[PDB]
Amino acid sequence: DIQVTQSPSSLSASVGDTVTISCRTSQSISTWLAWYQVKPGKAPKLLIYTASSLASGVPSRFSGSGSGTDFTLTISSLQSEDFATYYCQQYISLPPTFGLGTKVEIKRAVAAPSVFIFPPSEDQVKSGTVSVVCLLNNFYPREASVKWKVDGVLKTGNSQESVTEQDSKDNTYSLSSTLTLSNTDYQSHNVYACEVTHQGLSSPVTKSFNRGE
């Protein structure tokens, strides 16, 4: 397969900005590159083909350029409807292959997360399997790191993160980190803490509880 590599994976921008996203291929593809726009849960839409030809109906603020192994999509004066994920795709040869996308998201002021920790309810404890939930609410930008500590020791594994889409009203994100343990394991430690690092925090924030207190 011809490898198609898009950069950056995400860019933050504002309406009125000019934005540039890059697409590079592992071998030459002449000018056989297409660009697509995807909004959540919606069908993809062709924007550009043959590297620089605008598809029917696409507004002129979109322009494609490049040839060979290096290509560019430029959006001149970004508009509200342009926040989306963009994919490039080569078709000089079989199989056609796609880049993994660039998400163009809405810039706003930095906002630290408000952090909350939730111990497992007594009836989850009775089930024999417990979930400990750490919540990061209404923060920006997206990048955030959560570490779990048990009795002051780093706990890796057994955790899953989930994040919301950018809020339509305040453009923030929220995130859960859920630590899932057998009750036997859970009962073998006393204090449970989730430690959050984020640009809006000058130092990491920790929220903790003592099991059974």
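Don't overthink the numbering: it's just position in the shown sequence, from 1.
For the segment pair 51-59 and 159-167, the entry gives 51-59 the higher mean B-factor, averaged over Cα atoms.
Highest C-alpha temperature factor among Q27, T172, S176, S182 per the entry: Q27.
The deposited CA B-factor of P141 belongs to the middle third of values across its chain.
Among all modelled residues in its chain, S22 ranks in the lowest third by Cα B-factor.
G152 sits in the highest third of its chain by CA B factor, as recorded in the PDB entry.
In the PDB entry, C194 places in the middle third of its chain by CA B-factor. Ranked by C-alpha B-factor against the other modelled residues of its chain, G66 falls in the lowest third.
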